[PDB]
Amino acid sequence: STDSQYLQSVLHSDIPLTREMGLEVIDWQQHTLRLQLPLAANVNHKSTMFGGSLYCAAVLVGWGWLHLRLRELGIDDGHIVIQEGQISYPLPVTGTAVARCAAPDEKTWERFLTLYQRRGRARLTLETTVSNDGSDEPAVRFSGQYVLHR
């Protein structure tokens, strides 16, 4: 039983629309998370993935990174709130969408933990991408803010 399977169950329970979107968590390795959405449940006009679904993938791979990282540190007293986001759509997604979130820079992460501990509230910005399966070229570039609060 994996951290990915754990996170998938959390996402489907918390946000049941993600079950309808077919969200699947792929892997969690060296603080990189990947998840995917299938085309058919998220299609727009047969051929391409809906841009709203793509935002959902991009924002949720960041949400999941944060959830899993906190969980591995035993930080269980926080609530994540999705905040501002900026998204670009340089390429169409014509099949399964693979979303990825690598770790932020270590200093950013540690500043965020320090501020959360002191105030009980902090903001983390995560860069995420979504690609066509088998491509490293971002089809979607995303940056989003996440509040953690007690």
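All residue numbers refer to positions in the sequence shown, first residue = 1.
Participant: With reference to the PDB entry, specify whether the mean Cα temperature factor is higher for 77-85 or for 60-68.
Facilitator: Per the PDB record, 77-85.
Participant: So, looking at the entry's B-factor column for Cα atoms, which has the higher mean, 19-27 or 132-140?
Facilitator: Looking at the recorded C-alpha B-factors, 132-140 comes out higher on average.
Participant: Choose from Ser53, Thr108, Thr94, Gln36 the residue with the greatest Cα B-factor as stated in the PDB record.
Facilitator: So the option with the highest C-alpha B-factor is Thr108.
Participant: Sorting the chain's CA B-factors, does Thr48 end up in the lowest, middle or highest third?
Facilitator: Middle third.
Participant: For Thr125, return the chain-relative third of its C-alpha B-factor as stated in the PDB record: lowest, middle or highest.
Facilitator: Middle third of the chain for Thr125's C-alpha B-factor.
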